[PDB]
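This document opens with one chain alone, in structure tokens, the form deposited in one PDB entry.
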């Protein structure tokens, strides 16, 4: 009845599509850096993107956005004392409480 690795397999397939520019329907440029992704995945991970794509503003931190986008497509998030403020700034804008909380733990305990 249940396939325990299905959701991982779907996300891995979405990551591959994204790495090859396939079926990506939104792009944006932050500090000259070009990003491309799926509207549906962005809306799945960020309440900001959900409002933007269901209804109808930009950050300045390309390094933070890349790591947050990498998190959406891989479930991995490599936080460090040097990037946590960047990532926290992007995640606050995108209203992603899962990353926001992970940043607070790193900052408060380092």
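Numbering follows the first chain given and starts at 1. Basically, rigid core = biggest C-alpha set you can superpose within 1.5 Å across the two forms.
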query: Gap size, residue 79 back to residue 78 (deposited sequence, no coordinates); finding: none
query: 46-54 versus 68-76 - greater average Cα B-factor per the deposited record; finding: 46-54
query: 37-45 versus 22-30 - greater average Cα B-factor per the deposited record; finding: 22-30
query: Where the record places residue 1 (Cα B-factor, split into thirds across the chain); finding: highest
query: Entry-reported Cα temperature factor of residue 110, expressed as the chain third it lands in; finding: highest
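This next part talks about the form deposited in another entry, which is not shown.
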| property | result |
| --- | --- |
| Which of 75, 51, 40, 29 is displaced between the shown form and the other one by 2 angstroms or more at its C-alpha, rigid core aligned | 29 |
| Core-superposed C-alpha of residue 12 shifting 2 Å or more between the shown form and the other one | no |
| In the other form, shift in Cα separation for residue 37 relative to residue 63, 3 Å or more | farther |
| Direction of the Cα shift between residue 28 and residue 12 in the other form, where the change is 3 Å or more | closer |
